[PDB]
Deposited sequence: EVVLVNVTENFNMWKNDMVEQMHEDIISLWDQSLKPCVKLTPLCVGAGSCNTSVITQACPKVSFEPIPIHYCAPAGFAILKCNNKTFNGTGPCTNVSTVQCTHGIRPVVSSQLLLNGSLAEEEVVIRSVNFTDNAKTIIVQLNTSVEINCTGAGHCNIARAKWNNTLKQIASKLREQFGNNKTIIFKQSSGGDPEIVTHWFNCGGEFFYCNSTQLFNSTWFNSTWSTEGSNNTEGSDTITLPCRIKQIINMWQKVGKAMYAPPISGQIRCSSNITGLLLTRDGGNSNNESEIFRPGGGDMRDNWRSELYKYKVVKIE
């Protein structure tokens, strides 16, 4: 909107109140929008016995199509925007603008792959709060979108050549970060909740759980398949809650034709790490904390007192 001449501003995408605000907003959206038939949340505050809160309510079968949200300045504040096309999200931004609002952000709730988001304008970008810390998530921003077509009939398709090209680009960025002599290896999720072990997302109001092993099973810069990759998926009724610790149960599908196509525009990864003087790095699909999803879009914005 308005470029600030000769201004340097520090950003920290990992400590950004716009992320927290968006998070609470999306939680609220889901309350009024995608109601389960039963929800369970624990309560073990007492000195002994636990007391699970159980709620049973009407659970209408509805469609669910994320719509873009624009965040504008909250009373008393201004939104600053970093214009540097390849900004890692933490540090001095030399080219900063004031804006009325953010661009339109689709609040897609998903694990592992980030869908329908914004692409990097130059090269693929990787962002972490601490790359040296193996327990911190790496946010990947693609510069080219890869299509993923899913169906309630139990599978998602990805073009193998496009995905291969995508992995090579990501691996190049990873070895630029962790050492150019390193072999880069992608492996499946090492375990945890189903929403985290699979590529998990919602399509036509239904929760999909796609086995992503075929997407993350390759070795790069080591030595000197089928047209489409087909991921087997399951739609489920009993879901772990992303909003807070708990479980929700939904009714079975009513549509015999659930189809959607998304653009993969980023990824959430974790590095294995550990004491292993073997020149190679292992990366697995991650996610689960939806604040990371919001950060993948909000990394370039900041709210400040005026």
The answer, as deposited-sequence ranges with no C-alpha, is 225-234, 317
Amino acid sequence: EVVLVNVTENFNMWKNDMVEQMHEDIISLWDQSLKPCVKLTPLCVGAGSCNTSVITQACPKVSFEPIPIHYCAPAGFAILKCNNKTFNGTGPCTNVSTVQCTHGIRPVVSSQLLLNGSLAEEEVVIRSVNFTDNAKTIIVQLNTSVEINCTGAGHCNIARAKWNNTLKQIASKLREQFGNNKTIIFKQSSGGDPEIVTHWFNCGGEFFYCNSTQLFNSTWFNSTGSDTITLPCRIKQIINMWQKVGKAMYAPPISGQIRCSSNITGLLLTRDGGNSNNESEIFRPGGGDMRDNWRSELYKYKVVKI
From here on, numbers count along this sequence of modelled residues.
Tell me which stretch has the larger mean Cα B-factor in this entry, 197-205 or 136-144.
136-144
Return whichever of 43-51 and 267-275 has the greater mean Cα B factor according to the PDB record.
43-51
In the PDB entry, which of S226, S128, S218, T151 has its C-alpha at the highest B-factor?
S226
Top Cα B-factor in this entry, restricted to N157, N180, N211, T102, sits on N180
Considering every modelled residue of the chain and its Cα B-factor in the PDB entry, is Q32 in the lowest, middle or highest third?
highest
Per the entry's values, where does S111 land by CA temperature factor relative to the rest of its chain, in the lowest, middle or highest third?
lowest
Considering only modelled residues of the same chain, in which third does the CA B-factor of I258 rank: lowest, middle or highest?
middle
Please place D289 in the lowest, middle or highest third of its chain by C-alpha B factor as given in the entry.
lowest
Looking at the temperature factor on the CA atom of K236, which third of the chain's modelled residues does it land in?
lowest
